[PDB]
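Residue numbers (the deposited numbering): 1 to 105. Working notes, beginning with the structure itself.
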Ligand SMILES: [Zn+2]
């Protein structure tokens with residue numbers, strides 16, 4: 001499930017940290033991290049997305065943690081681009097926004 005996706009994401013990014021995934025209802029987004037505690041919190045709606053969209057969210061959030069930034073910097077996007085090349089991250093973000101009408105951090 002989500003756990004298996006997360007392991008694949010850590011392997012691709014080369015990020016061996018014991019990041020924990022929590023599912024919690026969120027108001028203002030569908031996903032966010034804790035840098036301090038090494039967690040990714042997902043709104044339950046994420047669990048019903050297509051696999052590539054779920055994987056995007058995990059990669060996006062893991063990229064925040066790895067790049068150690070909340071700002072979507074060039075080094076942030078470099079991590080994302082280990083999976084989603086070129087224009088693909090924005091395409092998948094658009095799909096997720098169409099479906100859920102909510103943003104990830
Ligand atoms: Zn972000």
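All residues carry an ideal CB built from backbone N, CA and C; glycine is no exception.
Integer-rounded CB distance, given that residue j should sit under 8 Å from residue i
i: residue 33; j: residue 64; result: 5 Å
i: residue 50; j: residue 21; result: With 8 Å as the limit, residue 50 and residue 21 do not qualify as a contact, their Cβ atoms being about 18 Å apart.
i: residue 30; j: residue 42; result: 7 Å
i: residue 84; j: residue 92; result: 6 Å
Opening and closing residue of the beta strand (DSSP E) in which residue i lies
i: residue 34; result: 31–34
i: residue 20; result: 20–23
Chain-order list of residues whose beta-carbon lies under 7 Å from that of residue i (same chain, five-residue window excluded)
i: residue 82; result: 12, 13
i: residue 5; result: 54, 55, 58
i: residue 80; result: 59, 60, 63, 89
Limits of the alpha helix (DSSP H) - the one that residue i falls within
i: residue 66; result: 51–67
Same chain, Cβ closer than 6 Å to residue i, five either side skipped, listed in chain order
i: residue 9; result: 58, 59, 62
i: residue 26; result: 43
Using a Cβ distance threshold of 8 Å, determine whether the segment 85–105 contacts the segment 51–63, with at least three qualifying pairs required.
Flag = yes, the segment 85–105 and the segment 51–63 touch.
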